[PDB]
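Input: a single structure, listed below in structure tokens.
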Amino acid sequence: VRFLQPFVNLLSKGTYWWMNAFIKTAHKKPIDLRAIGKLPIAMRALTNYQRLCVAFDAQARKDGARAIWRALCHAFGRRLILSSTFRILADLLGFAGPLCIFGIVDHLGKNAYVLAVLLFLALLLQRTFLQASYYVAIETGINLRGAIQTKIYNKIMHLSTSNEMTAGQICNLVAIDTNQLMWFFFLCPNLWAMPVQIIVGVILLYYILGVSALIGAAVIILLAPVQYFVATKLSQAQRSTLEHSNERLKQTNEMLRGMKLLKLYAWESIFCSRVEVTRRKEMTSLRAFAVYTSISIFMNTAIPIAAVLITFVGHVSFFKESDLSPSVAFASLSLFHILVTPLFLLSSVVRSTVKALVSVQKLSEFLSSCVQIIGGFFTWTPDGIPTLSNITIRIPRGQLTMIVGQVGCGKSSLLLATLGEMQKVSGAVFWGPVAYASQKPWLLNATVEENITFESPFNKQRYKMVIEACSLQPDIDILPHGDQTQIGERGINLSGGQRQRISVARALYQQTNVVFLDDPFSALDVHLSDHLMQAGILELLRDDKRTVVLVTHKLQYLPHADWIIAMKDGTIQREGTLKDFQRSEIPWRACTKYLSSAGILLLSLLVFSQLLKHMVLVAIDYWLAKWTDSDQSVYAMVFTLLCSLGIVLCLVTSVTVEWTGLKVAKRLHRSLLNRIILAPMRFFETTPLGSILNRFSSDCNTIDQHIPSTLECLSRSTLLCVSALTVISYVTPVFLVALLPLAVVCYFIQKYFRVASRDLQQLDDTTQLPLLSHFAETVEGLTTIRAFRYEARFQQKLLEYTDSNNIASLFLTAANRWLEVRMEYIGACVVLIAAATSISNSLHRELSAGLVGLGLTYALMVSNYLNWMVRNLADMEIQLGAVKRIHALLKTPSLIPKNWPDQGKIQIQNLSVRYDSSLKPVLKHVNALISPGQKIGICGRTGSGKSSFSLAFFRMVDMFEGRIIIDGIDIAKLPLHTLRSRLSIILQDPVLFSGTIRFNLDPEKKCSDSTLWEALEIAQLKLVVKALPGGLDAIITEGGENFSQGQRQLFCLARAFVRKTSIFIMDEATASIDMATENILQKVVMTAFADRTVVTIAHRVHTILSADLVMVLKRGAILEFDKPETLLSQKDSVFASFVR
Ligand SMILES: COc1ccc(Cl)cc1C(=O)NCCc1ccc(S(=O)(=O)NC(=O)NC2CCCCC2)cc1
Ligand SMILES: Nc1ncnc2c1ncn2[C@@H]1O[C@H](COP(=O)(O)OP(=O)(O)OP(O)(O)=S)[C@@H](O)[C@H]1O
């Protein structure tokens, strides 16, 4: 245990002194979950779940949305109200501070040291109570999140299967709804403490400025509803923008997958044009969003100026000509800031409260939704026509029981009913932890060994037996990681047969009596199914005398079982055995590049405008200082001039930040796209897709959403802090020399913070990722988990995960409180010293009263500007560190005028090729020649070098040696664009990117309609194309199920037809295609290609047999042969015929 909050001295419970040791150790050694503590018994999943379920029980025994609400209320009780009362007392003392400022200012102009030390004490106490309030509220919220999370997970166990969309709604119910609830519980005490704050503020300012005060008290208040309105607009804009963004991502996911396909003919620019077309729409939305952001930032600092303007001008020169002592004006200034700070929070509080109300309504709607069988009766509804009718079945021990029938006869339904999964209406069923593999296979977010063990102690002989008996070890070794390979989400990097074999292995490996397998032979061949039923079923299951109940439909399994079960229309037609059935019927460089992408045009326009705005904001008060003592009319007019300058300059600065941020986002995205386009193929193959896709998915989005606002806030905070320091220095010179020590202290407080605040931050992210994912895994494979009776262990795992999340999200708020309190203590020390120097120096000797006003008013508030500064600095640093990876990604004609000849005669003399710079060579002394108009075949085993030969023919490998030519022409003087408008290629991996048929046939779109129609008619595709809406305009999706595999290859051949390269490369147009269709495909491609030399590569016999010139790829080299009928009998059918 390390997080000891409840077990320390009640002084440190306030000032967080126990964090000194943690943060000092954290500076040196990197924090981790082993270096972190464990949550106390006072706050776990179990404790909060216990209190919440006790309250829910006491409320439901007296029987809903209001019910769950009151249950949470009575369950979390005293802590929340304690935080709220801390908060209101702090608010009172904060409203009290400026009045003692006023008293001091009065006394010196006409008992003040006492007021100064009282101000010091009241500041420190008020801020301490505020911080304790924040922390207690945050901890209550974290408790509530853990509690309702484990509660809705407990509910996930008892729900019914009849209720895809529900899974997404469940995981949003944990990712956004629960966060809304918890953040609303953060802001709950603020909603109680805001009204008393504004009421005390208005009544206090009225008694200081009189009737005029009221007028001012209106203006500031009028900003609070307006703000809300602005916020709403933002939200609307956000929605629209998000939509566009999503679409863009889709149009990217294709390009970053058909990489080799894309670059094999250089259609990449054609798709980049479309990608840029989407980007402009996205940019257009962003303008309005940033305009609203600018309006918000503008009002933020405009209302403070406007209040003082329309109040002071409307007080003296309007109403009663009352002499305005410096105390009145400066107290009004202080109260204006102390009231502006809370006003913004009310809008966000209202939004958070309504959103939390909706989310709790949603949570309530969700949260409240032998083997003997005699008289089976049930259905998939609380009321409806039944599908289970009159089923009586006995499943004795040690007996193979097949279930056979037609499609839709209640086979798997009977399986789940035997499981107890479906509580039958009227019937009896008796038989426990039963192993079960469902029809649709499911996996976890873990390794292969883990999925097959499934929380079971590992075995050597047992596990190796199960691995070998499932025909799974070779394909397991085929994976990039021989074992312990991280199986992707749902098994994207695996095939269906592998998932099925893993599921069957999981079912077989578990030690239990009963095993169900819902058709485990649907995605398996004949050989693998035979070996599985022989070794794993009849030899391994039948070994330990288990009760195997397998449902399938084959021939070999019928005489191997004991009981045959025939189902028809949900009824057992006949029953018995076989015989009874047959006898019956971050450095400054990242920011430097970020701002230099904007250019010199806007950098200075931003910086100098900010400097001038802050200079105006200080000069207005500097002139007010001389205004005070008493040409009052001229004074007020100068005040009005300054007030106007301030607001105009603020609007200018905001518009500048907006425009600059948008331009930078534009240029950065375009440069990233362009630099990713020109990368080599081996680079794309080396780097995983997640990192390349992820930068565009988030980095871009993150920057656009948060960099401009956070940068603006950081700049405003730092300049306001520097201005306040300069003010309190100019007021009292000696005070300056006292403030530089303390500020240096802050430097030491800075380092130790960041080197931990960053760390904890990332830890939070990590504990958020496997938690949510875990949830999803439980939802899909719910039947398997309720069948294995493994609910207890999984609930244990989820309590573990939510504890690991809460400890991180708790240490983070503890560290934020630490930095806050210490920076605030120093911000109170500085105002203490400033007032103590001002009372003596500026009164006893200097005798100038306009000074102390400015100094006190700025030192009463310097601390909040300091805190804004430091927090925004931390955020800007993490965001700039996120940006740096974008730059890391950023750093990755004599024969032309003569038309490319149709003579396909080529010759590659002494060719070699390597993949990486200075690695093992792929080819060795490759010499070959190809005659015009002659079909060429190439053979070889896997890894022989035929794909490498094709890629080198398209010079896709960047370490080839020798000279390679086409009609005396090579790659020494031609750019890539000409090199891709000269040859055609059909890859083994076909794809149909989204769009219309015109976008797939000719994405360039140069070709005319009759040309595409003829290409479809020749490619045996015109009839199915005419059977679609519109014709040549069917909206296709990436991959999908809109066309057959043969039709995808027909589209590839149509691409080849329209390419008109006159040279064709056929890279395994045979794999994963039915022979009945592949043979007619090759016949069409032969009858269509009488000219325009084609070089093919495959592992089929007849394809290699039909080619004229063929070269057998040896271990490292090739051996070519010209006449096909001569080399297939010269070696006496040893190396070229039986191999083919
Ligand atoms: C902006 O301040 C305020 C100023 C005045 C008032 Cl009347 C209220 C607040 C205020 O904020 N309302 C209290 C509720 C609240 C929410 C966030 C913060 S916080 O400081 O930003 N964040 C943390 O402490 N920890 C986070 C919490 C989320 C998980 C990760 C760690 C502090 C407090
Ligand atoms: N989880 C479910 N929720 C609601 N209805 C279901 C569910 N599973 C199946 N059904 C319905 O129950 C009917 C019968 O389903 P099955 O028992 O799976 O068909 P079966 O032919 O006996 O076995 P199969 O096809 O190998 S899974 C279908 O028409 C479905 O609409």
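Going through the structure tokens in order, the chains are called A, B, and so on, while each chain numbers its residues from 1 and the ligands are numbered from 1 in the order shown.
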Near-residue 763 of chain A list (10 Å; only C-alpha atoms; drop same-chain fewer than 3 positions) as a count of residues only
15
If we count only C-alpha atoms and set the cut-off at 12 Å, which residues sit around residue 1043 of chain A, ignoring sequence neighbours fewer than 6 positions away in its own chain? Please answer as a PyMOL selection string.
chain A and resi 990-992+997+1021+1024-1025+1028+1034-1037+1049-1051
Hey, which residues come within 9 Å of ligand 2 if we count only C-alpha atoms and all ligand atoms? Could you give them as a PyMOL selection string?
chain A and resi 160-163+379-381+387+405-416+438-440+518-519+551-552+567-570
Output the selection as a CSV table (one decimal), in the first residue's frame - N, CA and C atoms for each residue.
```
chain,number,residue,atom,x,y,z
A,160,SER,N,-30.4,-11.8,-20.8
A,160,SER,CA,-30.8,-12.8,-21.7
A,160,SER,C,-30.1,-12.6,-23.1
A,161,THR,N,-30.1,-13.7,-23.9
A,161,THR,CA,-29.4,-13.6,-25.2
A,161,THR,C,-30.1,-12.9,-26.2
A,162,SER,N,-31.5,-12.8,-26.1
A,162,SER,CA,-32.3,-12.1,-27.2
A,162,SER,C,-32.0,-10.6,-27.2
A,163,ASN,N,-31.6,-10.0,-26.1
A,163,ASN,CA,-31.3,-8.6,-26.0
A,163,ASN,C,-29.9,-8.2,-26.4
A,379,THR,N,-39.3,-20.8,-25.8
A,379,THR,CA,-39.2,-20.0,-27.0
A,379,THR,C,-38.3,-18.8,-26.6
A,380,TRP,N,-38.0,-18.0,-27.6
A,380,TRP,CA,-37.1,-16.8,-27.4
A,380,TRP,C,-37.8,-15.5,-27.2
A,381,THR,N,-38.7,-15.6,-26.2
A,381,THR,CA,-39.5,-14.4,-25.8
A,381,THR,C,-40.2,-14.6,-24.5
A,387,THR,N,-40.9,-22.5,-30.1
A,387,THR,CA,-40.0,-23.3,-31.0
A,387,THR,C,-39.6,-24.6,-30.4
A,405,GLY,N,-30.2,-33.3,-38.7
A,405,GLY,CA,-31.5,-32.8,-39.2
A,405,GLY,C,-31.3,-31.7,-40.3
A,406,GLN,N,-32.4,-31.0,-40.6
A,406,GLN,CA,-32.3,-30.0,-41.6
A,406,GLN,C,-31.9,-28.7,-41.0
A,407,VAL,N,-31.8,-27.6,-41.8
A,407,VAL,CA,-31.4,-26.3,-41.4
A,407,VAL,C,-32.6,-25.6,-40.7
A,408,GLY,N,-32.5,-25.4,-39.4
A,408,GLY,CA,-33.6,-24.8,-38.6
A,408,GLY,C,-34.5,-25.8,-38.0
A,409,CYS,N,-33.9,-26.7,-37.2
A,409,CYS,CA,-34.7,-27.8,-36.5
A,409,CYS,C,-34.4,-27.8,-35.0
A,410,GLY,N,-33.9,-26.7,-34.5
A,410,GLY,CA,-33.6,-26.6,-33.1
A,410,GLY,C,-32.5,-27.5,-32.6
A,411,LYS,N,-31.4,-27.5,-33.3
A,411,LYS,CA,-30.2,-28.3,-32.9
A,411,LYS,C,-29.5,-27.5,-31.8
A,412,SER,N,-28.9,-26.3,-32.2
A,412,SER,CA,-28.2,-25.5,-31.3
A,412,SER,C,-29.2,-24.9,-30.2
A,413,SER,N,-30.4,-24.8,-30.6
A,413,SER,CA,-31.4,-24.4,-29.6
A,413,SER,C,-31.6,-25.4,-28.5
A,414,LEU,N,-31.7,-26.7,-28.9
A,414,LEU,CA,-31.7,-27.8,-27.9
A,414,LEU,C,-30.4,-27.9,-27.2
A,415,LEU,N,-29.2,-27.5,-27.8
A,415,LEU,CA,-28.0,-27.5,-27.2
A,415,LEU,C,-28.0,-26.5,-26.0
A,416,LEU,N,-28.4,-25.3,-26.3
A,416,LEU,CA,-28.4,-24.2,-25.3
A,416,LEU,C,-29.5,-24.5,-24.2
A,438,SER,N,-19.2,-22.8,-29.1
A,438,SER,CA,-20.4,-22.4,-29.8
A,438,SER,C,-20.2,-22.5,-31.3
A,439,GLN,N,-21.3,-22.2,-32.0
A,439,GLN,CA,-21.2,-22.3,-33.5
A,439,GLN,C,-20.3,-21.2,-34.1
A,440,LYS,N,-20.6,-19.9,-33.6
A,440,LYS,CA,-19.7,-18.8,-34.0
A,440,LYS,C,-18.5,-18.8,-33.1
A,518,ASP,N,-20.7,-27.1,-31.2
A,518,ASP,CA,-21.7,-26.7,-32.1
A,518,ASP,C,-21.1,-26.6,-33.5
A,519,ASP,N,-21.2,-27.8,-34.2
A,519,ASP,CA,-20.7,-28.0,-35.6
A,519,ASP,C,-19.2,-27.5,-35.7
A,551,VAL,N,-22.9,-32.0,-32.5
A,551,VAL,CA,-24.0,-31.8,-33.5
A,551,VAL,C,-23.3,-31.4,-34.8
A,552,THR,N,-23.6,-32.1,-35.8
A,552,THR,CA,-23.0,-31.9,-37.2
A,552,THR,C,-23.8,-32.7,-38.2
A,567,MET,N,-34.2,-34.1,-35.7
A,567,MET,CA,-35.1,-33.0,-35.4
A,567,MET,C,-35.7,-32.5,-36.7
A,568,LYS,N,-37.0,-32.1,-36.6
A,568,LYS,CA,-37.8,-31.5,-37.7
A,568,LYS,C,-38.8,-30.5,-37.1
A,569,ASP,N,-38.6,-29.3,-37.6
A,569,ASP,CA,-39.5,-28.2,-37.1
A,569,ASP,C,-39.6,-28.1,-35.6
A,570,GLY,N,-38.4,-28.2,-35.0
A,570,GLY,CA,-38.4,-28.1,-33.5
A,570,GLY,C,-38.9,-29.2,-32.8
```
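The two atoms in question, atom CA of residue 375 of chain A and atom CA of residue 429 of chain A, are spaced 8.7 Å apart.
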Return the single residue from A:988, A:229, A:831, A:211 that is closest to residue 118 of chain A, with distances computed using only C-alpha atoms.
A:831
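You can rank A:624, A:39, A:727, A:52 by their closest distance to residue 313 of chain A using only C-alpha atoms, and at the top of that list sits A:624.
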Ligand 1 proximity check over A:305, A:823, A:419, A:88, using only C-alpha atoms and all ligand atoms: winner is A:88
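Nearest residue to residue 940 of chain A, choosing from A:259, A:957, A:1136, A:826 and counting only C-alpha atoms: A:1136.
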